[PDB]
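Single-letter residue listing:
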Amino acid sequence: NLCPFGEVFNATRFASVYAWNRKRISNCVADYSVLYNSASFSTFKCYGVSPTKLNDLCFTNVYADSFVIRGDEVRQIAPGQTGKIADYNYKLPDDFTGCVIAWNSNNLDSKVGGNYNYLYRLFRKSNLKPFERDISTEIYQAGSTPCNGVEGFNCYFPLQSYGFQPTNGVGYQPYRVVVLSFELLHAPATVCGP
Amino acid sequence: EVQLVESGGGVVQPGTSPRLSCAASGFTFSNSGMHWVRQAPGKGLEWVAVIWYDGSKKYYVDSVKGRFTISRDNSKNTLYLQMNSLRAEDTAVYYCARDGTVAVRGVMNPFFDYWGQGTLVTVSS
Amino acid sequence: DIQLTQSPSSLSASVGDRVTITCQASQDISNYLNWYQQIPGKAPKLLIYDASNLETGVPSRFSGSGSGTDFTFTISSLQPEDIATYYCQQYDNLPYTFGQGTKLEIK
Ligand SMILES: *[C@@H]1O[C@H](CO)[C@@H](O[C@@H]2O[C@H](CO)[C@@H](O)[C@H](O)[C@H]2NC(C)=O)[C@H](O)[C@H]1NC(C)=O
């Protein structure tokens with residue numbers, strides 16, 4: 001079968017940071033080969049299962065989250081790491097049992113004239129719980145003098161655009177992050193290598 | 001090849017509104033607002049005011065709210081600040097610094113990366 | 001309403017000594033803070049943005065860390081050049097107060 005990873009790797013579209021797709025794969029053999037051999041991977045960090053032994057473990061469910069984030073802040077996608085991403089829009093469980101892959105992709109997202117297409121969550125009322133989607137548009141409400149659905153001194157739109165340019169630098173420039181999560185359940189295991 | 005030039009200060013009498021103007025050397029100026037900070041003569045520095053992405057938001061210091069008017073001429077790629085009124089505490093040096101995170105549509109540069117030069121605005125009669 | 005407070009407010013370390021200055025902020029500030037290099041009558045420029053990374057151009061000796069409500073800024077081997085004042089500022093909440101200031105001296 002050899003279920004492809006290109007559906008989540010080489011797809012031209014990417015939910016910015018919060019509409020991140022949650023694609024589950026089943027009844028296949030990943031083979032985890034191209035994931036390790038490729039030398040273009042900026043970051044390849046795994047927790048728990050060692051990188052070499054992935055093919056030897058037969059799980060039952062595998063999730064492949066995908067998105068893009070500021071290049072400098074890629075480190076924030078890790079267990080037990082707080083900041084302005086994990087704390088507001090996409091948090092990972094402390095006892096995580098998966099891998100995270102980060103690519104440097106400038107030629108594909110940083111347009112010469114500038115790109116403002118990709119959105120970014122900044123403001124929220126309460127902290128975020130692990131593995132939850134927070135697609136939202138309601139205007140931020142500071143509290144006292146809560147205004148209404150309008151922009152004012154205390155009231156702000158809880159979204160922003162990265163504003164990518166070709167020559168921002170190593171940081172502040174597109175990165176492409178894919179998080180592979182493995183889960184084992186009482187149901188029979190199906191996903192593993194040769 | 002980035003730098004910023006300020007001017008429009010000096011001996012200023014009370015009740016006047018001199019034009020404190022600063023301009024940029026070269027970049028996508030229209031896509032990056034800025035801020036103005038004030039350096040007390042020997043104490044420290046707090047602020048002056050803010051200018052947003054498309055001249056939309058105009059925030060000021062609470063202590064001096066409603067007095068200063070800060071505007072931007074995008075065509076000239078310059079920023080102007082006027083002085084509606086003065087007290088004895090406005091004897092500082094004004095710096096104007098660019099932005100690029102949590103200040104403008106599009107995060108490009110780290111907050112307060114360059115600054116540049118200064119203008120002395122001591123007020124007396 | 002944000003209030004900043006730098007504990008030391010004055011240092012005098014040896015040329016080859018490691019100086020670990022600190023910055024404390026009220027409420028929560030998350031991961032938005034910067035440190036500055038105020039030489040008398042000069043632009044403060046920048047060393048560390050987000051309190052976790054050094055801007056491209058500053059010497060690699062300096063470093064920073066911290067989160068939540070507390071941050072630390074470490075200088076490894078300060079040369080006689082590094083005798084400027086240092087300020088810590090947050091930029092998260094619309095009122096972005098500016099740190100008090102810490103005069104650096106030589107023993
Ligand atoms: C996505 O596209 C890239 C480039 O077209 C593929 O890169 C592969 O890299 C391997 C070595 O790592 C080489 O065989 C080729 O450069 C590419 N393979 C093929 C078959 O073209 C990448 O493999 C694609 N994604 C996936 C999941 O295969």
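In this document, every chain is numbered from 1 following its sequence as written, which may not correspond to the numbering used in the entry; residues for which no coordinates exist are not shown. All chains are assigned letters beginning with A, and all ligands numbers beginning with 1, in the order in which they are written. No hydrogens and no water enter the side-chain calculation; it runs on all heavy atoms of the structure.

> I tried to follow the interface of chain B and chain C on my own but got confused; where do I start?
How big an interface is tends to be stated in terms of accessible area lost as the parts join. On the chain C side, the residues contacting the 16 residues of chain B number 17 residues. As a working definition, buried area equals the accessible area (1.4 Å probe) given up by two parts on being put together, with both sides summed. Carbon and sulfur atoms make up 67% of the surface buried where chain B meets chain C, a total of about 1500 Å² over both sides. By the criterion of area lost to chain C, the three top residues of chain B are B:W47, B:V102 and B:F111, representing 34% of everything that side buries. By convention in these notes, a salt bridge is any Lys or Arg side-chain nitrogen within 4 Å of a carboxyl oxygen on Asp or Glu. Along the contact surface separating chain B from chain C lie zero salt bridges. Split into classes, the residues belonging to the side of chain B that touches chain C amount to 10 nonpolar, four polar and two charged. In what follows, a contact means two residues having at least one pair of non-hydrogen atoms within 4.5 Å. Charged residues are taken to be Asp, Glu, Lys and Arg, nonpolar residues to be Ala, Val, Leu, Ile, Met, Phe, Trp, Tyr, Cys and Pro, and polar residues to be all remaining types, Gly included.

> What is the right way to read the state of the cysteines from this model?
In a disulfide, the sulfur atoms of two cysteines are held together by a covalent bond. Residues and elements named next belong to chain A. Our working definition of a disulfide is a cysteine sulfur pair at a distance within 2.5 Å. As enumerated under the stated definition, the model contains six disulfides over all chains in all. Residue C147 pairs covalently with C155 via a disulfide, S to S 2.0 Å. In this structure, the disulfide formed by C147 and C155 twists by about -120° around the S-S bond and is classed as left-handed. Here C147 falls in the partly exposed class, since its relative accessible area comes to 41%. Each residue gets one of three labels from its accessible area relative to the maximum for its type: buried under 20%, exposed over 50%, partly exposed in between, using a 1.4 Å probe on protein chains only.

> Where do I start with the pattern of salt bridges in this structure?
Two side chains with opposite charge may pair up if their charged atoms get near one another. All names here are of chain A. In this structure the tally under the stated criterion is 12 salt bridges over all chains. For the salt bridge of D65 with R22, the shortest nitrogen-to-oxygen distance reads 3.2 Å. On the criterion of sequence distance, the pair formed by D65 in strand β3 (residues 61-70) and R22 in strand β1 (residues 22-25) is long-range, its members being 43 residues apart. Its salt-bridge partner being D134, residue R124 comes within 2.5 Å of it at the nearest N-O pair. In this pair, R124 is assigned in the loop between β5 (119-121) and β6 (159-161) and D134 in the loop between β5 and β6, connecting sequence segments 10 residues apart. Residue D134 is classed as buried on the basis of its relative accessible area, which comes to 11%. Because the salt bridges share partners, they merge into one network encompassing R121, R124, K129, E132 and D134. A helix here means a DSSP run of H or I that spans at least four residues, while a strand means a run of E at least two residues long, and both kinds are numbered starting from the N terminus.

> Sorry if this is basic, but what is going on with the pairing of strand β2 (residues 20-24) of chain B here?
On any regular strand, side chains alternate: one points to one face of the sheet, the next to the other face. All names here are of chain B. Pairing between two strands requires that DSSP report at least two bridges joining them. Direction of pairing for strand β1 (residues 4-7) relative to β2: antiparallel, over a ladder of four bridges. Considered in β2, the bridge of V5 is made with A23. Pairing of β2 with strand β6 (residues 78-82) involves four bridges; the strand directions are antiparallel. Bridge assignment links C22 to a residue of β6, and that residue is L79.

> Got a minute to help me understand the site of the ligand in this structure?
Residues and elements named next belong to chain A. Looking at the ligand, the residues that line it are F5, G6, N10 and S38. A 3.5 Å cut-off defines polar contacts: any pair of N or O atoms within that distance qualifies, except that in protein one atom must be a possible hydrogen donor and the other a possible acceptor, and neighbouring residues in sequence count only when both atoms are side-chain atoms. Within the contact set of the ligand, an oxygen atom lies 3.1 Å away from a side-chain nitrogen or oxygen of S38. In isolation the ligand offers 570 Å² of accessible surface; the protein chains occlude 30% of this area. Taken together, the residues of the shell around the ligand sort by class into one nonpolar, three polar and no charged. Distances are taken per atom, and a residue is near a molecule or strand as soon as one of its heavy atoms is within 4 Å of it. Note that accessible areas follow from Shrake-Rupley with a 1.4 Å probe, and for residues the cover is restricted to the protein chains shown.

> Is there a simple way to think about the interface of chain A and chain C in this case?
In this complex, chain A contributes 11 residues to the contact, which on the side of chain C involves nine residues. Counting each side, the surface lost to burial between chain A and chain C is near 860 Å², with a carbon and sulfur contribution of 44%. Per-residue buried area on chain A facing chain C is highest for A:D72, A:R75 and A:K84; these three make up 43% of the total on that side. Viewed at the interface, chain C and chain A are joined by two salt bridges. Counting across the interface, chain A meets chain C through four residue pairs in polar contact. For the side of chain A that touches chain C, the per-class residue count stands at five nonpolar, two polar and four charged.

> Could you clarify how one ought to interpret the packing of aromatic side chains in this entry?
The description of an aromatic ring pair uses the distance of the two centres, along with the angle that the planes make with each other. In this scheme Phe, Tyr and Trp rings, the latter by its six-membered ring, pair at centre separations within 6.5 Å, and the angle between planes marks the pair as stacked below 30 degrees, edge-to-face above 60, and tilted otherwise. What the rule picks out here adds up to 32 aromatic pairs over all chains. Consider the rings of A:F59 and A:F182, whose centres lie 4.8 Å apart with planes at 25°: the pair is stacked. Of this pair, A:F59 sits in the loop between β2 (41-46) and β3 while A:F182 sits in strand β7 (residues 174-183), and the two are 123 residues apart along the sequence. Take A:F59 and A:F182: they sit in the same class, and that class is buried. A ring pair is formed by B:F112 and B:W115, whose centres lie 5.7 Å apart and whose planes are at 75°; its orientation type is edge-to-face. The exposure class of B:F112 is buried, given its relative accessible area of 1%. Among the aromatic residues, those joined into a cluster by ring pairs are B:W47, B:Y95, B:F111, B:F112, B:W115, C:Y32, C:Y36, C:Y87, C:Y91, C:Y96 and C:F98. Charges are assigned to positions over rings by a cutoff of 6 Å between ring centre and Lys NZ or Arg CZ, combined with an angular limit of 35 degrees from the ring normal. Note that A:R22 overlies the ring of A:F131, its terminal NZ or CZ placed 4.5 Å from the centroid. A cation sits over an aromatic face here: A:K84 above A:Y88, 4.4 Å from the ring centre.

> Just to check I follow, could you spell out the pairing of strand β4 (residues 98-104) of chain A for this structure?
All names here are of chain A. By the criterion of burial, β4 is predominantly enclosed, with six of the seven residues buried. Bridging between β2 and β4 involves five bridges; their strand directions are antiparallel. Directly across from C46, in β4, lies its bridge partner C99. Relative to β7, β4 runs antiparallel, the two being bridged by seven bridges. Bridge pairing in β7 links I101 to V178.

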